[PDB]
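A single chain comes next, written as structure tokens; it is the form deposited in one PDB entry.
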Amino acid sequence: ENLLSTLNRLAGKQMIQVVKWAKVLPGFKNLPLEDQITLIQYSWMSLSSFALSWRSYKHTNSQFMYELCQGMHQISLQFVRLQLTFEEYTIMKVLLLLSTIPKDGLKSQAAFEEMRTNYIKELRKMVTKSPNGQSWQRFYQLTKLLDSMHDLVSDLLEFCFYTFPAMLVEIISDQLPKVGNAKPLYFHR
């Protein structure tokens, strides 16, 4: 009984710490607030898998739902193969945040597409400086890894839409709403 509760409570501790991180990313809180929410929601499983596999690779050197956990452990091993930088994690994290959208599209697809492109360019630039042994190779791998991140979580998004709150919506809109200062509008001066 106790196990599945704690992971849904750690999931919650982090989902609030993701918001705080995303809200410094350039041009995020400059998106529509509808979209901020949608983009964090849709990404979350891609985002978590990466983050978990990362802390595997960093903390216990890729040592520590076994159908489903096996994937993450497998990626954390890939991280050692690539000797992934932090830079490459934080960028690839952002990219995952922007890799899952609704088929409908977002409020401002135009704004979103610039942001994603902006970041995809950061990666491009960032691997004409940290490859191994040319740049184009490093790019092919980091990209294909981000893709396989979707495949890992491919069939487990419906199975989340169950577990998928009033918590985060508080912290996202928190800083953006702009609450003495009030200007009332009169019909006669």
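Residue indices: 1-based, along the sequence shown. Here the rigid core means the biggest group of C-alpha atoms that line up within 1.5 Å when the two forms are laid on top of each other.
Asker: Relative to the other PDB entries of this protein in the set, is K129 coordinate-less in at least a third?
Answerer: Yes: coordinates for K129 absent from at least a third of the compared entries.
Asker: With respect to the deposited sequence, is there a break between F64 and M65 in this entry, and if so is it 1 to 3, 4 to 9, or 10 or more residues, or none at all?
Answerer: In the deposited sequence, 10 or more residues between these two have no coordinates.
Asker: According to the PDB entry, how many deposited residues between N30 and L31 are absent from the model (none, 1 to 3, 4 to 9, 10 or more)?
Answerer: Gap between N30 and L31: none.
Asker: Which has higher Cα B-factors on average according to the PDB entry: 126 to 134 or 32 to 40?
Answerer: Stretch with the higher mean C-alpha B-factor: 126 to 134.
Asker: Which has higher Cα B-factors on average according to the PDB entry: 144 to 152 or 117 to 125?
Answerer: 144 to 152 has the higher mean C-alpha B-factor.
Asker: Out of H73, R81, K107, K93, which residue has the highest Cα temperature factor in the PDB record?
Answerer: Result of the comparison over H73, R81, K107, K93: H73.
Asker: Please place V179 in the lowest, middle or highest third of its chain according to the CA B-factor in the PDB entry.
Answerer: Ranked within chain, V179 CA B lands in the highest tercile.
Asker: Among the modelled residues of its chain, does the C-alpha B-factor of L97 lie in the lowest, middle or highest third?
Answerer: For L97, whose C-alpha B-factor we compare with every modelled residue in the chain, the answer is the lowest third.
Asker: Where does the C-alpha B-factor of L168 rank in its chain, lowest, middle or highest third?
Answerer: Middle third of the chain for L168's C-alpha B-factor.
Asker: Based on the entry's values, in what third of the chain does the Cα temperature factor of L25 lie: lowest, middle or highest?
Answerer: Lowest third, going by the recorded CA B-factors of the chain.
Asker: Using only modelled residues of the chain, where does the Cα B factor of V18 rank: lowest third, middle third or highest third?
Answerer: Its C-alpha B-factor, which the entry lists for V18, ranks in the lowest third among residues of this chain.
From this point on, the text means the form deposited in another entry, which you will not see here.
Asker: Would the C-alpha of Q17 be classed as shifted by 2 Å or more between the shown form and the other one after rigid-core alignment?
Answerer: No, the C-alpha position differs by under 2 Å between the shown form and the other one.
Asker: Does the C-alpha of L33 move 2 Å or more between the shown form and the other one once the rigid core is lined up?
Answerer: No, because once the rigid core is superposed, the C-alpha of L33 moves less than 2 Å between the shown form and the other one.
Asker: Fitting the rigid core first, would the Cα of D155 be found 2 Å or more away between the shown form and the other one?
Answerer: For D155, whose C-alpha is compared between the shown form and the other one after core superposition, the shift is 2 Å or more.
Asker: Your call: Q41 and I172 CA atoms, closer or farther in that other deposited form versus the shown structure, by 3 Å or more?
Answerer: Closer together, which means the C-alphas of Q41 and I172 are at least 3 Å nearer in that other deposited form.
Asker: Can you tell whether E113 sits closer to or farther from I172 in that other deposited form than it does here, judged by CA atoms, where the change is 3 Å or more?
Answerer: They are farther apart; the C-alpha distance rises by 3 Å or more in that other deposited form.
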